[PDB]
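See structure below.
First listed ligand is number 1; within each ligand, the first listed atom is number 1. In what follows, every heavy atom counts, from backbone to side chain, and hydrogens, waters and symmetry copies are set aside. Within every chain, numbering begins at 1; the chains are lettered A, B, ... in the order of the sequence lines, protein sequences first and strands thereafter.
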Amino acid sequence: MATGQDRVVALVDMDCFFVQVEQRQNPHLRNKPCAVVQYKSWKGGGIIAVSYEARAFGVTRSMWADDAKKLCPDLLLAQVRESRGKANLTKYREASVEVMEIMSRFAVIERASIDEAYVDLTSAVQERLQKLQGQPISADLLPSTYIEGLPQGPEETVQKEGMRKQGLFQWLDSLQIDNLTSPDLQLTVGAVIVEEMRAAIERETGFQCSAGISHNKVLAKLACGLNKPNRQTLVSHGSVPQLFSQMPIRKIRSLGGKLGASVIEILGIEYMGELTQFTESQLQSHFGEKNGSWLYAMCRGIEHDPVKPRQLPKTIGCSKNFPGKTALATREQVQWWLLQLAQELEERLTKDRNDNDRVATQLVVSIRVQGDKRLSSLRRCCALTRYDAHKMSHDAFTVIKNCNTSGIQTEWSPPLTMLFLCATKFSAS
DNA sequence: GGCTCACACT
DNA sequence: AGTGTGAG
Ligand SMILES: Nc1ccn([C@H]2C[C@H](O)[C@@H](COP(=O)(O)NP(=O)(O)OP(=O)(O)O)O2)c(=O)n1
Ligand SMILES: [Mg+2]
Ligand SMILES: [Mg+2]
């Protein structure tokens, strides 16, 4: 029986990342309840990131700033840059690149989002094990590490840091240093490397982050969120049974949506651990061959999804919603906004070509019409042969112009509630 | 609520 | 090629 203990995988995720970017730039924001917002004019702006100090007051990502102020009167705000009537996330993408570049020094990474990346530490661990061969691992090498499930059995325990240490001590005391093979030893050395990586990030960028270390991406991601912020968590294969016994299905990556809901509804269960009851065939019959096999393995802590060697996004896109009364109702209006989106896209693509030695070859245009529940009413694509904003916007209109319901042709019906331009199908240059 | 991304399915 | 789900 395979135990899925073949790899050491880590997930590193920045703490309150957009807030940290603004806090680094503006020292007045440091160590205070603050949030990052976009489009200040409406209800003070929509919050997209929240500092831990602000989270203590109950401020969340969903909220309008005016509403967040009601919970947290002293809340400080930082505004996302606005360009061409649109939120521009350039500052945060550049900050992301800073972090990713540092991580790449230690190992090959998969960029999972703007503020997180998976790391395959398997090779690095082998090397490190040989280098310090026969040498026991000190607790001092793991100053911010939690061992999930520990401490166990028999006032220091009254304080969080006291508990962390006791668990770490119990873990280390148990490790067999000899035996380079031991998965637990491999995860431990993995955590040592992650400590160093996290230290390099903070020293060179000033940003703090949390991390998870386990044998696969799903567990690594789950581990990461266990002790945020500014801490890392090691989830061993052995900790899985107890961990999953009370773990809501929706917590597992990819189960947070309809699929997760269907697992709960069809099987009549609540926790990830209860999945172990069912045969692989049973799971496949309900949720399909691929999903069924994945679930059967996952509830036992086993997953084989590889850490893909990809540091750069596959697509570059910008979009804007025009909700309610703001929906675009004229041909001229639609064309003007297409131009704004195309202009920002051109800037980003030009930088991309210079920085990354690649060119996009396909242009995708997506729109939403008023009254449509679907996020995208229509998607169409055309060739992208020139990095020219006017051509791109002109081409995008050509592709969608037939969508217009109205006879006048100076007026657009139904009104458009969303425009989206995306460059794809990159090739080396 | 808003701006982005990746990927499975057909 | 075009649609839908999931996420951060
Ligand atoms: N729905 C979302 C989720 C995240 N983001 C952005 C803002 C976040 O700061 C950044 C990182 O996402 P996130 O890791 O899930 N949360 P954040 O980093 O702010 O706080 P942590 O919980 O990770 O400490 O992406 C967004 O713009 N819209
Ligand atoms: Mg984060
Ligand atoms: Mg994140």
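For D13(A), the N, O or S atom closest to the Mg ion (ligand 3) goes by the atom name OD2. The N, O or S atom of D115(A) lying closest to the Mg ion (ligand 3) is OD1. Distances from the Mg ion (ligand 3) to the N/O/S atoms of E116(A) are shortest for OE1.
Within a 4.0 Å radius of atom 15 (O) of ligand 1, the protein has no heavy atom.
Panel note: side chain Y118(A), backbone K221(A); no donor-acceptor pair is recorded below 3.5 Å. Between the side chain of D372(A) and the main chain of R368(A), no donor-acceptor pair closer than 3.5 Å is present. Judged by distance alone, the side chain of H286(A) and the main-chain N or O of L267(A) form no donor-acceptor pair under 3.5 Å. Side-chain atoms of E265(A) do not come within 3.5 Å of backbone N or O of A261(A) as any donor-acceptor pair. Side-chain N or O atoms of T326(A) include one that pairs as donor or acceptor with a backbone N or O of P323(A) at under 3.5 Å. Proximity of a side-chain donor or acceptor of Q370(A) to a complementary backbone N or O of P414(A) within less than 3.5 Å is not detected.
Taking a cut-off of under 4.0 Å to the non-hydrogen atoms of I48(A), the atoms of ligand 1 that pass are 7 (C). Proximity to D115(A) (heavy-atom distance under 4.0 Å) selects the following atoms of ligand 1: 11 (C), 12 (O), 14 (O), 18 (O). For ligand 1, the atoms lying closer than 4.0 Å to a non-hydrogen atom of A49(A) are 9 (O). Residue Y52(A) approaches ligand 1 through these ligand atoms, each under 4.0 Å from one of its heavy atoms: 21 (P), 22 (O), 24 (O).
In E196(A), the CD atom is crowded: over 12 heavy atoms of neighbouring residues, nucleotides or ligands sit closer than 6.0 Å. Residue-environment remark: CD (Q242(A)) stays at or below the threshold of 12 foreign heavy atoms within 6.0 Å.
Selection from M14(A), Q20(A), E116(A), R61(A) by nearest heavy atom to atom 8 (C) of ligand 1 gives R61(A). Among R55(A), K228(A), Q208(A), the residue whose heavy atom lies nearest to atom 20 (O) of ligand 1 is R55(A).
In summary, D66(A) and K69(A) do not engage in a salt bridge, as defined by a charged side-chain N under 4.0 Å from a carboxylate O.
Of the protein's non-hydrogen atoms, the one nearest atom 6 (C) of ligand 1 is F18(A) CZ, 3.8 Å. Summary of contacts: the protein heavy atom closest to atom 19 (O) of ligand 1 is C16(A) CA, 3.1 Å.
Coordination check, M14(A) versus the Mg ion (ligand 2): passed, since an N/O/S atom of the residue sits under 2.8 Å.
When heavy-atom distances to ligand 1 are checked against a 4.0 Å cut-off, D13(A) comes that close only through its side chain, counted from C-beta outward.
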